[PDB]
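Just one chain is shown here, as structure tokens, and it is the form deposited in one PDB entry.
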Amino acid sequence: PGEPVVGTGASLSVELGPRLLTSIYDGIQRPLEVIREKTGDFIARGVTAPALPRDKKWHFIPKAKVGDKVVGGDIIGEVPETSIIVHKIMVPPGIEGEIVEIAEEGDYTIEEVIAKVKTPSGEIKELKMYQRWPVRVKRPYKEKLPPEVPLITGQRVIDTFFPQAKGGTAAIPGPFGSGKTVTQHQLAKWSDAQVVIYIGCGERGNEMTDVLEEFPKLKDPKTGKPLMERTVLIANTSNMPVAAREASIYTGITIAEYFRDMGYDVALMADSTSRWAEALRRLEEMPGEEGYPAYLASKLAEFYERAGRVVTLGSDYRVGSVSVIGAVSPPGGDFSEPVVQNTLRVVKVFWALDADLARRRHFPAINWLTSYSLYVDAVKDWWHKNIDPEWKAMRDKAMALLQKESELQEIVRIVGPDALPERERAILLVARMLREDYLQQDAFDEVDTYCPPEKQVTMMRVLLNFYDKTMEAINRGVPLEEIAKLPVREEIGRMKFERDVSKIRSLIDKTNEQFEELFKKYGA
């Protein structure tokens, strides 16, 4: 402990090595609960509790030989840490030279020196299975890559209309423990990140008890194994010092960056509740290294600035990412106050969970008019090249229809529906199908809980093709009443529950031909 200094010092750090996975920590990486700390533009203090166990024995597979040149981030061994995650043992940033000594394959505790590096000036550096890093300094990397690859969530509304990029920043309302919603949990378990760092914060009541003995019971749907085996929990209970809680997102993101550095995609999910900043009191009369108006607003930007997909340190070309999903729960839930405005200025994605959607049981209750993603153009080429060349045209078309529907519903609120032309009735019919057959998704269903990219575009094609055929039929004298009761419509309403994508795809031809029947019946 201690060893303290001037600046932003006291050396506030985290340990990084086998046994971060499955751990539950507080805001400064102690293995359970309660001790009181005090924060400042200067230092902070603690006392007793060991982050990574020194007694446990880890299997070390060497990945480098005596005589190898190494740089920061180079991978010198592998440690099978859970049944899901292989831990990658890396040279700490700043250390380079020749490997003069390295442990043979065997079992070792984390304090055992598993390698030695002779630096260029001849200093001999001793390497263990873990390393320490100041939580307040971003771990370094070679290059931060532009947003490009979507974080695939398997949730249609998000992946299609409001995509998250790997390395992106997203915000979502309210506490993660809210029982009104389940997308928080869908995101945690289905996103294609190998590792999840979860800061179960804003915890009061059952929030720290049911989060305790369900996560070990929780299953990783991709592997049957427990979700905890690829997760690190960081607790922010109400009985914790406001300084360890503050520091928790920094400890979390440092641990995220650490798994990023191995070549992993990692998702960092940060919880939040009500009224953190009444402890505020431009205006800074007595300042130091904390010029405190909305200085915190600039510091939040800085945290979110640590998200990204990067070419990592190391001598191999290696990419990893940290994508950030932050909860936003305003003081009164009025979404005008600081917490929301300060977050919404930095994040590139907002998923507007909407109490009115939930109340009418439209699930995922994501408002498709107030949500937005600034990654749509960033990710489109990945969809075009890998999944479907018409991904972006199709989403834009479906969105235009959602927007037309919304304009039409306003007008109909004023004058009612009796004067609606067939064409506008047809737009309402197909928008309703989009809403019900595509946006709505069943998280509780064994099929519809996850929707693969290939299934998403096929379902979209079935719907947009039905749109085209509807408008061309209207355009040919076929009454809307006849289209509304086309037998294929009910198969379209059920396609989300079909796991065979070729059967979903067959609905295109089946739509086409049923419409032909109408075209000939009405001699149209």
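Take the two forms, superpose them, and find the largest set of C-alpha atoms that agree within 1.5 Å; that set is the rigid core. The first residue of the shown sequence is 1; numbering continues from there.
Participant: Taking only the other compared entries that model residues on either side of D396, decide whether it is unmodelled in at least a third of them.
Facilitator: That residue is present in all of the other compared entries.
Participant: Would you say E285 is commonly dropped, meaning unmodelled in a third or more of the other compared entries that have residues on each side of it?
Facilitator: Comparison shows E285 dropped in at least a third of the other entries.
Participant: Using none, 1 to 3, 4 to 9 or 10 or more, say how many deposited residues go missing between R281 and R282.
Facilitator: The entry has 4 to 9 unmodelled residues between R281 and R282.
Participant: Using the B-factors recorded in the PDB entry, average over the C-alpha atoms of 206-214 and of 133-141, then report which stretch comes out higher.
Facilitator: Per the PDB entry, the higher value belongs to 206-214.
Participant: Name the higher of the two by mean Cα B-factor in the PDB entry, 46-54 versus 66-74.
Facilitator: The stretch with the larger average C-alpha B-factor is 46-54.
Participant: Would you mind finding, among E490, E33, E482, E498, the residue with the largest C-alpha temperature factor in the entry?
Facilitator: Out of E490, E33, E482, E498, the record gives the largest C-alpha B-factor to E33.
Participant: Name the residue from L401, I387, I255, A277 with the greatest C-alpha temperature factor listed in the entry.
Facilitator: The record points to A277.
Participant: Ordered by C-alpha B-factor within the chain, which third holds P417? Give me lowest, middle or highest, please.
Facilitator: Its C-alpha B-factor belongs to the middle third of this chain's values.
Participant: Could you tell me which third, lowest, middle or highest, the C-alpha B-factor of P92 occupies within its chain?
Facilitator: Answer is middle: the recorded C-alpha B-factor places it there.
Participant: Divide the modelled residues of the chain into thirds by Cα B-factor and specify which third, lowest, middle or highest, holds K469.
Facilitator: For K469, the deposited C-alpha B-factor lands in the lowest third.
Participant: Splitting the chain's C-alpha B-factors into thirds, which one does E454 fall into?
Facilitator: Its C-alpha B-factor, which the entry lists for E454, ranks in the lowest third among residues of this chain.
Participant: What third of its chain, lowest, middle or highest, does the C-alpha temperature factor of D396 fall into?
Facilitator: Lowest third.
One more form of this protein should be noted, the form deposited in another entry, which is absent from this view; the next part is about it.
Participant: After superposing on the rigid core, which residue among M208, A103, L218, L439 shows a C-alpha displacement of 2 Å or more between the shown form and the other one?
Facilitator: That would be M208.
Participant: After core superposition, I'd like to know whether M495 moves between the shown form and the other one (criterion: C-alpha shift of 2 angstroms or more).
Facilitator: Result for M495: no, shift under 2 Å.
Participant: Compare the position of the CA of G67 between the shown form and the other one after a rigid core fit and state whether the shift reaches 2 Å.
Facilitator: The answer is no, as the C-alpha of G67 shifts between the shown form and the other one by less than 2 Å after core alignment.
Participant: Quick one: core overlaid, is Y467 moving 2 Å or more at the Cα between the shown form and the other one?
Facilitator: It does not, since the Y467 C-alpha is displaced less than 2 Å between the shown form and the other one after the core fit.
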